[PDB]
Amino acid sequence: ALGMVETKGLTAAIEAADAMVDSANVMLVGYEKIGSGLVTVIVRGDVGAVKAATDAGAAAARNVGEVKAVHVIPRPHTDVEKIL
């Protein structure tokens, strides 16, 4: 499963990442920068862990900065895997 939390600002993103790893059995892949101050944090793991991680990351981050998106894909297509 794939979990993403997207924030305005890097400080909110670091807090999401920490909360995600604190809250569930997930691997933190990293983050991506896309401009306009937006930062996407990415984690992988089984679907229940990714759901628990993204819900915890999004809730933590909101108190540090603005949360722009939160999403989980339980079983990404292989073509997606290839570009992640």
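Note that residue numbering begins at 1 and tracks the sequence as displayed.
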- Task: Would you mind comparing 75-83 and 3-11 for me and telling me which has the higher average C-alpha temperature factor in the entry?
- Result: 75-83
- Message: What third of the chain does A69 rank in for C-alpha temperature factor, lowest, middle or highest?
- Response: highest
- Task: Using the B-factor values recorded in the entry, state whether the Cα atom of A59 falls in the lowest, middle or highest third among the modelled residues of its chain.
- Result: middle
- Tertile call for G48 (CA temperature factor, within chain, third-based) is the middle
- Task: Would you mind ranking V39 by its C-alpha B-factor against the rest of the chain and naming the third, lowest, middle or highest?
- Result: lowest
